[PDB]
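For reference, the structure is listed below as structure tokens.
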Amino acid sequence: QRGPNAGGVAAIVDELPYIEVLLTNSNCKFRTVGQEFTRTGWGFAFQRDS
Amino acid sequence: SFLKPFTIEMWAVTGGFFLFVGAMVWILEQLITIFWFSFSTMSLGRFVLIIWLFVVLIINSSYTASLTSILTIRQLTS
Amino acid sequence: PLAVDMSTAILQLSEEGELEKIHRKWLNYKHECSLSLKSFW
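Quick mapping for you: the protein sequence lines, in order, are chains A, B and C.
Following my numbering, the numbering of the first sequence begins with 103 at its first residue and continues without gaps.
Following my numbering, the numbering of the second sequence begins with 24 at its first residue and continues without gaps.
Following my numbering, the numbering of the third sequence begins with 374 at its first residue and continues without gaps.
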């Protein structure tokens, strides 16, 4: 809301399932201006070679 | 956003100094006041029309330059 | 020789993040505010 000035930032870079929460939680004032530039996915982190 | 490229005071000065310049035609010369518009379609009164031409050839040539300079900075913003 | 290890004290005070926290204690002052038209004669 403060934009690039007043100590704020221009853009937030987050993962896609965080951002699809933020659009619904706020009003219709933001939109993902690009596509995904690193498309990997999530997962469970185990002990190595378990 | 249409009338934006001039200040609100400029739209009254420009529309004001077409009637005061239009009243200068009456010195060389509702239904009676429309007779000057039939005379100002296209001596000393011709010299009034020469300077008034280069006024309108500036208010044409600045309203373009402040409708461009809005429609570019609106595009080339951050 | 006090200047050598209070040089290493400040770098160990800064990697931990204590220079900013003291800066938040005193200097937390951020209240800083911030088309085309035409006029001539």
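Using N, Cα and C, we set each Cβ at its ideal position, and we do this for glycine too.
Item                                                                                                                  : Value
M33 (chain B) burial status per 10 Å Cβ neighbour count (16 or more: buried)                                          : buried
Closer than 9 Å to chain C by CB, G145 (chain A)                                                                      : no
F70 (chain B) classed as buried or exposed, judged by whether at least 16 other C-beta atoms fall within 10 angstroms : exposed
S92 (chain B) and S412 (chain C) closer than 9 Å at C-beta                                                            : no
Whether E52 (chain B) touches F62 (chain B) by CB criterion (9 Å)                                                     : yes
C-beta neighbour in chain C for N129 (chain A), strict 9 Å                                                            : no
Interface residues of the region 393-409 of chain C facing chain A [CB-CB below 9 Å]                                  : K403, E405, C406, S407
CB contact below 9 Å: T64 (chain B) versus chain C                                                                    : no
Spatial distance of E389 (chain C) from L375 (chain C) (CA atoms)                                                     : 21 Å
is_contact[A112 (chain A), chain C] using C-beta, thresh 9 Å                                                          : no
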